[PDB]
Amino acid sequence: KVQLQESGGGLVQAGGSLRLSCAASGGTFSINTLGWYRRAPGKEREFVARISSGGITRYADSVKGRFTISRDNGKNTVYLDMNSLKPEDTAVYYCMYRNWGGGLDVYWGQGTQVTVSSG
């Protein structure tokens, strides 16, 4: 019963910065965990980041020190601010909505491409 909408992403120069966002509706946003996974060309889908209802963050080692995840319960939106980007970050990024309220246990976004080019 939750719908997700991803925004942002696209082409960006190595070393540069890029924001992804994901907006949800239909659930109880304030109590749920939001995050991102990604699938890079060589690889299978992997955890990138998540943020609890209470603002507690977690990052995969691959992006720790470079990515910041945040949320605005006012707009039902989660943000992924990506910095120091490199070709290893080229991938399809999927929004994640881990549910503690009514509905399915988890919902996934359709995926947003991020492509890192030379600097």
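Residue numbers run from 1 along the displayed sequence.
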Between 91-99 and 11-19 (mean CA B-factor, as deposited), the higher:
11-19
Mean Cα B factor from the PDB record: higher for 78-86, or higher for 40-48?
40-48
Determine which member of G35, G55, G26, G65 has the highest CA B-factor, using the values in the deposited entry.
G26
In terms of the CA temperature factor given in the entry, to which third of its chain does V114 belong: lowest, middle or highest?
lowest
